[PDB]
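Take a look at the structure set out below.
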Amino acid sequence: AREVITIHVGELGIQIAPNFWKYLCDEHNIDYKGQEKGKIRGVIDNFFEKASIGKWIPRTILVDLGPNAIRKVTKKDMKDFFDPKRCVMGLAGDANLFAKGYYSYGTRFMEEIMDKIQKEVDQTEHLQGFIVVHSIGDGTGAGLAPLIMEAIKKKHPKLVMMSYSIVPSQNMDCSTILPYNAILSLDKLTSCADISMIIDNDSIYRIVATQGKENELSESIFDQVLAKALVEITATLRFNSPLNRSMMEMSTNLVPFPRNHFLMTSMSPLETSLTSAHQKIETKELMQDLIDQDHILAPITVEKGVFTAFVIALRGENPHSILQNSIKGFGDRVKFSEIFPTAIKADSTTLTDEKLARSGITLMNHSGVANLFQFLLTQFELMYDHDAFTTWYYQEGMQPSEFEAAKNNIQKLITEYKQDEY
Amino acid sequence: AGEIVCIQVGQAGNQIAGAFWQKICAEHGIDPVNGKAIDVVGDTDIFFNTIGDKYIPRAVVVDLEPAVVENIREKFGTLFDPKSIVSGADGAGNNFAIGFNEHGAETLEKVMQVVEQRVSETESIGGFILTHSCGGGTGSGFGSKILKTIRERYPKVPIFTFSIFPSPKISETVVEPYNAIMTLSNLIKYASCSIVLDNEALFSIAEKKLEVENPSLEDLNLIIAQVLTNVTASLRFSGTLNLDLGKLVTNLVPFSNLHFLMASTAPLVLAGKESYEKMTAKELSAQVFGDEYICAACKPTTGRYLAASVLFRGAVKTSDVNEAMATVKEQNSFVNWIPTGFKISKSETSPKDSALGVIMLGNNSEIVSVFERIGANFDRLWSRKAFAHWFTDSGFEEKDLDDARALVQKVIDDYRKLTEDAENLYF
Amino acid sequence: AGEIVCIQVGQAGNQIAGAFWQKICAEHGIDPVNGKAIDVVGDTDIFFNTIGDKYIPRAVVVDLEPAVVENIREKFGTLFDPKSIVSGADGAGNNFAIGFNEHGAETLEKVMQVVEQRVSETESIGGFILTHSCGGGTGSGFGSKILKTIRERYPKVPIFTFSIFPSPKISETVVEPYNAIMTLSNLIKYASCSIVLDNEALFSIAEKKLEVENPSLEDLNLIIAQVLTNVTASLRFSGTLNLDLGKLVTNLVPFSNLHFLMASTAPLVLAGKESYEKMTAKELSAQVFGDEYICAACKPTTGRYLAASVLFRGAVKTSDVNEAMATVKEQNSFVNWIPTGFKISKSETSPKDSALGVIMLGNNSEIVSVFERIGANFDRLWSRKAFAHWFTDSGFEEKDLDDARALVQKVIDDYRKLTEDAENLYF
Ligand SMILES: Nc1nc2c(ncn2[C@@H]2O[C@H](COP(=O)(O)OP(=O)(O)O)[C@@H](O)[C@H]2O)c(=O)[nH]1
Ligand SMILES: Nc1nc2c(ncn2[C@@H]2O[C@H](COP(=O)(O)OP(=O)(O)O)[C@@H](O)[C@H]2O)c(=O)[nH]1
């Protein structure tokens, strides 16, 4: 079993954990106590460790510079599921600064963190890779997640590392220093991860609100959508799928150059509870929905930008003759460079959710990511050039040239993604 | 004597071969999910090792995938002997370089031990058949190392490869042209014959010639399997006069590097009496040589043939074969030096779903268009070095990527030069 | 050899030509939004420059509009090569004088460089086709300077112009008659043949012959495009006997200044099997020569023909052509000196939405009524000098406005005199 180790870093990555792990528990027929619930299905071993007893243990580590995200997750939301010896807690938190997560505070926990990671690594014969789930907003997520990633890559250089980077909103999750942490941490993700998924919370809020225009939803829906997208990305790593069979294949399929690894996603039906009653989603509509504006979890229109890679992973019966006509029917909405064939790959895997006829998710390497980076970079520059809030970072060791370096690296990254636009 | 050992490499290789084995078991009279039979017909010894009342297909099943055995039990029952299935540890992520370089010495040694055992249970080796897909990570790189290894251990043995090439219009992965060229370079160097197949051609056939609505790969594999079962009919059903793999290599390959063949069959019938009794050899020949049944993205009626072979099955009249072939010679275009054109054979035993049927193979200069498209896609990506790090950081030098391309171009240039020279070889 | 370079000028020019190109790509088998094709039919070299597997239509796209390239990508995908698209800076506000005089030397030089490149990729120039609209500011004045410039650089090359004239009843702008006369004066001097089309005639056809309810210009352009695709069938589908642009000029134009032709086609079918299999050449000839399918505001059955041509497409019987044309000769009226009347041609390849179809072109004296109406509207406005400052303050002298009118009247007088003299040329 090619086993994956999942690490949740920061208050949001931890907030997500109970939704992510409950989906996996139900998907594979395991209860929330780790007990088997009937017949186990899928390659359970890839995400769960088998205990000396009948219990399955999520193969995961929770990291928080304060005590609170972990305390709520392991004591109130999903009791007895997470192993307490795999939880790392600090006391001070991060004061919302990148500087604490990466230079002044979070560094004292690296021996503890790498020790716990090795204990988890030592339990597996065939380790495929790591998934690091983190916010790029707050200092713990923005700071430690790259600190952890670098420590792992220097010890286990042959593994594939994937990050799930969550970009906070400009409204419900906003912060007055968001642009500093976002640029300072993109600068490190650029050299740290092999694959980096970008999920934009503002897209989630407007997409769910659109789907919910007819009803009252639930406040839990925003977290369920964010958690589900990770579960679906990973579906092919858990079931014997004819696609993204392994993390190494995701890397070879989607990332042509070491720096161009930032990926976008699209998902349909977003959540089962959003699409209820008569939901006979025919193979034809599902593929049109996946390139629709209201299914893309980014401020990206596929028609406005250029594709470098595009993989569509469906679940349930999806006849191949339909998938091919749907792709041909994309026309010029899905366009690549003249140095590439229109390398759009699609197929389907096993469905576990008894309420849905079919579903799917896509992974896109598209130039539109550059627009998010430029948006955040412009905000960074307005603040930086007039020293807003820089004293708080300088006080913890961020010599000013550190900010200048991040500024230049991101402008170069934006420039490179837009090369095919010109 | 003409015993055949099949080698199945990678997921496509196993699914296609699987469909083949289950159709073979229907014609001979064996249970497709058990191997058990009481009363069988034909020469079952060519493809099956019979122990007691169980007919064990002679195949080596190869993957890099961690759980290949369980994945077979779930679809093929107990038809395949688990001792012949070689499992892997990690896998090749659509990267030729992993299947070819970084596969593990032990993985390859086990495959070779299994092959040796299969060739050790034979009075003679009639040939090997490799089933695979050129754009994958194991059916391309590992399948290629296996051809190299097999040909080094058993030179002078006909190897036939059946492989899936990129489709002409849409592509799967961006890396596909790198995997396809290196696979082709090794096919050029090691196969005796290679059958070029692709999915775009097969889908058009599945949608227009089969009655199936919205076909999937499961249905598409029955067209490939039909090509595979018909091409082995004379071997399986004997006959005083017959065709072995060595007859096909001798007759269809005039030069050692021009062995890439097209395949076509008709009628295509799904199990059940859904067919119509056309019963006409003339109609089947007209169809097999048209463009509509060709299983590759090419258009053979506009090219020139170096050689071709036609195998007729069932109660075909000699008189109709002669008239039907006279029509074919008049309508198509052949190169002068090869003056007889064809290899013709008949097998009196009918395919299970039709009284009559025809399979055609041949060397049509048109085939270069498949290779030229692959070449061009590679050249554009290679010039820009997109996704290239995936091959050079896995052991290849730019030199190997360039030499593989050069060999492919040599074959294209040889087919085209011969074809153009041919116009004046008649004056 | 008979390679065609199309020139599209102004908004109407680009929309009409656009519809044409997308219909051509359906008959030959090319993707209308990509240019990419694997298997094509017909002689695609006449209109497309093929590079790799992409068929690039040979056209020069011209405007004065600031963002013409983006405006094309949004509707036609990547079918047109951006290097052939010439953008402008400001625009001509429905003023011939701006398109003709005040356009910018650089704008015109770029158009000419693009034309030279397109004629430089040809073994021979078969002719040029200009698509435009006479009442506009760029398709009139700039399109006119282009005809002048093209004819000076390439004399002895057949130029065909397809153009939209004012409608007979309602008009668009008050300036329209000034733009229309100066455009016509230049068509008289520089085109080899001109096809006169207008929207009033086309709307009646769209509402009565097509099934579309409440048609817009988008639907109206499919009638014009159908005329354009049928008139080029023999060129595109070859044939032992065929029609090039030089065959049409030689046969339909008896004098150098009487080259204005009417066009008519039938059946008119929108994509989809919405047609009925009438399959009768006799019925199609009866229809094409009636007044109901004429694409201009004129009534040809009441005039006299100098010459006409009929191109039949699809599996038309020789016997039916002869009988059908005998009927046409008996019913219509011809001028005695031209004693044979017609040019007749057939192309065995069917239009994509009908097994059979017919296109007719010809010189019918009735055409002067279009020109006479334009003349009269101009004379009234010109006498009062309404909207005149817009032309003289943009470089024209009253002398140029008067000379253009005089040339138009000469053509009208020559058509009418010939027609009246004709009654006694039979005694
Ligand atoms: N005809 C046919 N084609 C297939 C089948 N499965 C996969 N393919 C094709 O084979 C190509 C390579 O497959 P892949 O799964 O990467 O194989 P592997 O990595 O070598 O095990 C795919 O991109 C498809 O175009 C099948 O069952 N039949
Ligand atoms: N049949 C047809 N007529 C059109 C179309 N577009 C415009 N027209 C006619 O062409 C005339 C001149 O158009 P205009 O927009 O001024 O063109 P421009 O200034 O030369 O680019 C209009 O007054 C309409 O009568 C079209 O798509 N098809």
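Residues are referred to by chain and number: the chain letter is A, B, ... according to the order shown in the structure tokens, the number counts from 1 in that chain, and ligands are numbered separately from 1 in the order shown.
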
task = Throw together the list of residues within 7 Å of ligand 2, counting only C-alpha atoms and all ligand atoms, and drop it here as number ranges by chain.
result = C: 10-12, 15-16, 92-94, 133-140, 164, 166, 172, 198-199, 217-218, 220-221

task = Do me a favour and pick out the residues of chain C within 10 Å of chain B, using only C-alpha atoms, as a ChimeraX atom specification.
result = /C:36-39,52-53

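Within 12 Å of chain C, counting only C-alpha atoms, chain A contributes residues 303, 304, 328, 329, 330, 331, 332, 333, 334, 335, 336, 337, 338, 341 and 342 of chain A.
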
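Close contacts of residue 373 of chain A, defined as residues with an atom at most 10 Å away when counting only C-alpha atoms, with chain neighbours fewer than 4 positions off set aside, comprise residues 182, 183, 186, 368, 369, 377, 378, 410, 411, 413 and 414 of chain A.
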
Just the selected residues (N, CA, C and O atoms), exported as a PDB file, in the first residue's frame, please.
ATOM      1  N   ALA A 182       0.593  36.331   3.026  1.00  0.00           N
ATOM      2  CA  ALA A 182       0.389  35.583   1.800  1.00  0.00           C
ATOM      3  C   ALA A 182       1.600  35.634   0.881  1.00  0.00           C
ATOM      4  O   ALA A 182       2.016  34.608   0.349  1.00  0.00           O
ATOM      5  N   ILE A 183       2.228  36.795   0.736  1.00  0.00           N
ATOM      6  CA  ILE A 183       3.384  36.879  -0.143  1.00  0.00           C
ATOM      7  C   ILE A 183       4.591  36.219   0.482  1.00  0.00           C
ATOM      8  O   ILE A 183       5.348  35.520  -0.199  1.00  0.00           O
ATOM      9  N   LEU A 186       4.029  32.455   0.069  1.00  0.00           N
ATOM     10  CA  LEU A 186       4.067  31.916  -1.299  1.00  0.00           C
ATOM     11  C   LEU A 186       5.509  31.803  -1.723  1.00  0.00           C
ATOM     12  O   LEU A 186       5.904  30.873  -2.436  1.00  0.00           O
ATOM     13  N   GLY A 368      -4.432  31.569 -15.040  1.00  0.00           N
ATOM     14  CA  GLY A 368      -5.283  32.427 -14.243  1.00  0.00           C
ATOM     15  C   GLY A 368      -4.818  32.512 -12.796  1.00  0.00           C
ATOM     16  O   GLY A 368      -5.175  33.442 -12.081  1.00  0.00           O
ATOM     17  N   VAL A 369      -3.977  31.588 -12.351  1.00  0.00           N
ATOM     18  CA  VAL A 369      -3.469  31.675 -10.991  1.00  0.00           C
ATOM     19  C   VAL A 369      -2.682  32.947 -10.787  1.00  0.00           C
ATOM     20  O   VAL A 369      -2.684  33.521  -9.694  1.00  0.00           O
ATOM     21  N   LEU A 377      -0.221  40.619  -4.480  1.00  0.00           N
ATOM     22  CA  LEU A 377       1.035  41.329  -4.539  1.00  0.00           C
ATOM     23  C   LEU A 377       0.799  42.820  -4.582  1.00  0.00           C
ATOM     24  O   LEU A 377       1.540  43.564  -3.949  1.00  0.00           O
ATOM     25  N   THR A 378      -0.218  43.287  -5.301  1.00  0.00           N
ATOM     26  CA  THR A 378      -0.478  44.717  -5.316  1.00  0.00           C
ATOM     27  C   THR A 378      -0.792  45.198  -3.904  1.00  0.00           C
ATOM     28  O   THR A 378      -0.307  46.254  -3.485  1.00  0.00           O
ATOM     29  N   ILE A 410       7.789  36.695  -6.207  1.00  0.00           N
ATOM     30  CA  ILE A 410       6.426  36.544  -6.657  1.00  0.00           C
ATOM     31  C   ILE A 410       6.245  37.293  -7.960  1.00  0.00           C
ATOM     32  O   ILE A 410       5.571  36.789  -8.857  1.00  0.00           O
ATOM     33  N   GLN A 411       6.826  38.484  -8.116  1.00  0.00           N
ATOM     34  CA  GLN A 411       6.605  39.154  -9.386  1.00  0.00           C
ATOM     35  C   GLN A 411       7.160  38.292 -10.526  1.00  0.00           C
ATOM     36  O   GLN A 411       6.558  38.232 -11.613  1.00  0.00           O
ATOM     37  N   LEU A 413       7.280  35.003 -10.559  1.00  0.00           N
ATOM     38  CA  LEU A 413       6.377  33.873 -10.725  1.00  0.00           C
ATOM     39  C   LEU A 413       5.168  34.273 -11.562  1.00  0.00           C
ATOM     40  O   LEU A 413       4.751  33.532 -12.455  1.00  0.00           O
ATOM     41  N   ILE A 414       4.644  35.471 -11.317  1.00  0.00           N
ATOM     42  CA  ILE A 414       3.501  35.985 -12.057  1.00  0.00           C
ATOM     43  C   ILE A 414       3.882  36.146 -13.510  1.00  0.00           C
ATOM     44  O   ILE A 414       3.128  35.760 -14.409  1.00  0.00           O
TER      45      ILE A 414
END

Counting only C-alpha atoms and all ligand atoms, which residues of chain A sit at most 10 Å from some atom of ligand 1, and what is each one's closest atom pair with its distance in Å to one decimal, listed by chain and rising residue number, as CSV?
residue,atom,partner,partner_atom_place_in_ligand_line,distance
A:241,CA,ligand 1,15 (O),9.2
A:242,CA,ligand 1,15 (O),5.6
A:243,CA,ligand 1,15 (O),7.0
A:244,CA,ligand 1,16 (O),9.4
A:245,CA,ligand 1,15 (O),8.8
A:249,CA,ligand 1,19 (O),9.0
A:345,CA,ligand 1,23 (O),7.6
A:346,CA,ligand 1,23 (O),9.0
A:347,CA,ligand 1,24 (C),9.3
